[PDB]
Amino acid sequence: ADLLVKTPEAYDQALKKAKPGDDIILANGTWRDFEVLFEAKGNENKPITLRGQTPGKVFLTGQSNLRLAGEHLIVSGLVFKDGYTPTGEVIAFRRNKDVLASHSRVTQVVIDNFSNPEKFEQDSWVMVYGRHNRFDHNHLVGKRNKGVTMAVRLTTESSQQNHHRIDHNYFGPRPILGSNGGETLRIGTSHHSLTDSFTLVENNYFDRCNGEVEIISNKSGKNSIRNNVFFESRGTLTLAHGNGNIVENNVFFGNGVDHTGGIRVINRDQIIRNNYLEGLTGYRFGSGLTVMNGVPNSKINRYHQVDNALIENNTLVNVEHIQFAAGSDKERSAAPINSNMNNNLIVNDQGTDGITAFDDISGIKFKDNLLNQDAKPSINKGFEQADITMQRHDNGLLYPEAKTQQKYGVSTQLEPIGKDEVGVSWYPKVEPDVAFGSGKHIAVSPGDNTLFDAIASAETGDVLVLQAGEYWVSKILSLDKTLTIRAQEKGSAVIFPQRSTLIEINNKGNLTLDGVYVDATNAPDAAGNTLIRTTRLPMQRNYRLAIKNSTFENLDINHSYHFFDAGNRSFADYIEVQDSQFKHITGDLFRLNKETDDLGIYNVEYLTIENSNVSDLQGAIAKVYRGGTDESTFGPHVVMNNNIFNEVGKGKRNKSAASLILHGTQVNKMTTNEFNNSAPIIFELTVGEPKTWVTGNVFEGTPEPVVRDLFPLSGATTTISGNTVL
């Protein structure tokens, strides 16, 4: 029977009287603050269903969540948006610890940016318990807070040996968390990694899941992770804990996107076969292929020795790093044993074969692995060279044209599931970011508050074009959308801030300045001014900041007039300065050092300053800080080239005494710069083997770069060469 319900109370009555075979039907509409406890007992061939009347037209908003409990249940056709769960998870396969759900299915459900507003209160979106449950054809996108998106729980035997099936799901874009805990899928936990889960994870599409280094974190036994697609995703499929796992038929399209892994092998009896990997640029534990060194003999929470890994019939095209025995050190002294790497195909366009060994690899028997002539080998036995021409098939995968060479690599029958073959047809897969300049151009004339008004009425992605004239700003400009402020004629538009802040970046705000000139002479004669800042509230979305062809002068009417000040727990997807000029500033340029509690949280992923001129700056050019020992993130990157810095950072209120102080930054590149009469660069290198290059610069009147290694000598590759000190 069909049981249409239009109020929660009516839902409560229908649940009390549903029978095996009935459908409880939630009427089309918006159900705000609806905590669904769907607790019932269907039969094997007569389930009890909870469905939205029209998939796409039932929305659960506000503090809404779902919990299944009982057996033989089905939930379908709901959308969770505009809100966030009041509990630890949006969808849970249990009432609580006392009543689990088994033999139940959740299908065609959408969770779209149902993100907790506090970026670091932790939750998950899907939490699976019990046994023989299915989570299929669902759509999850835009999780911006701490916490893995979907987890299989194993906390009781009831939930173990579960044979859960997780298939045909759209695991859509997850922005960078800027901390640890941004996994998309976790199966089990270190404390239960020795139990057998038997989870099948098949035919899912992972579309730019960029939350952290582990996309999938396997932490239990005998799971099968097969036939998935990982598209431009920053991270890896990591067999972190647990033995006896099968990783087959997966496809990785990194497209050369920065920091794409990766199958990471740890522990024992893992089977890695018939996987196709292409365009992966990740390195170290994010490499395209990684066989770890273990710790012997601990201790569930530590990585154990790789033992009886079988690694066969994989294809690796333009994979920049294949790492054997990676992580080797005093704790990770257990090199691989009893393994086999057979019939793989490695093709690499830039000379090398990407392989690097960090310990004895005699524990891996290599046999019948093909690589291309130009690809210089790193291992003698097990790898031969040949002339390959790779040609793309109708399935989208590359293969040797020689039919002899097709006993190497993946089978020609691999059909990677398509992005349009997962999720729900009735909910659109969209781009997560508004592109700059994607809207309309809007002419703005000078005056009083004309910049304020043009912003309030612009639509997201528009471009404000400033005619010639002066622009006085006596109201703080708040940015809650993607906006470019361009000058019609470069340098002909002059903005005069009149308040302690000129531009506050808010949730959904992203800013490009292009050709503007800022004279801060008329700012409030007070200390602490911040020309540009994020909202001082905790944010929920990352933000983008580009500054091109712009000039910013006279931030000096009182002390500590900062150019950019990031708020606590804020995160810039990138901050980029280009062909811009700065003169006379009494405070710091970029304050990205706010996360002082040393948990691995940082404020920016890519800071880039190129072709720009900074003169008379009392504070630092950048204070960037990522404290602690976490190795789950990839940033910050700091890249600064072709700039001229004069009289920078000598100020007395600059306690760093540096013109750049980078603590915990993981990629540094300072090339072809001028550091005239300034304070020195200071690095404080931490965990994770950070890579630093400072080559080709002038240090006239500025001391030499200073390297403080707080974790020596743990792999930190620093190359400070090619500079001339005067």
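A residue's number is simply how far along the shown sequence it sits, counting from 1.
Practice task
Pick between 45-53 and 694-702: the one whose mean CA B-factor in the entry is higher.
Solution key: Higher mean C-alpha B-factor: 694-702.
Problem - 538-546 versus 158-166 - greater average Cα B-factor per the deposited record - result: Averaged over C-alpha atoms, the B-factors run higher in 538-546.
Exercise for the section: Select one of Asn203, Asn338, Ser217, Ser492: the residue whose C-alpha shows the highest B-factor in the crystal structure entry. Expected result: Top of the list by C-alpha B-factor: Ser492.
Exercise for the section: Between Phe231, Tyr625, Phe496, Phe564, let me know which has the highest C-alpha B-factor in the entry? Expected result: Reading the PDB entry, the winner on C-alpha B-factor is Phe496.
Practice task
Sorting the chain's modelled residues by C-alpha B-factor, tell me whether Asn313 ends up in the lowest, middle or highest third.
Solution key: Middle third of the chain for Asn313's C-alpha B-factor.
Exercise for the section: Within this chain's modelled residues, let me know which third the CA B factor of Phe645 belongs to: lowest, middle or highest. Expected result: Highest third - that is where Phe645 ends up once the chain's C-alpha B-factors are sorted.
Practice task
Determine, from the deposited record, the chain-internal third of the Cα B-factor for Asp420: lowest, middle or highest.
Solution key: For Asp420, whose C-alpha B-factor we compare with every modelled residue in the chain, the answer is the middle third.
Practice task
Comparing against every modelled residue in the chain, figure out the third that the C-alpha B-factor of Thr671 lands in (lowest, middle or highest).
Solution key: According to the entry, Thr671 has a C-alpha B-factor in the chain's highest third.
Practice task
Quick one: classify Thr665 as lowest, middle or highest third of the chain based on its Cα B-factor.
Solution key: Tercile = middle for this residue's CA B-factor.
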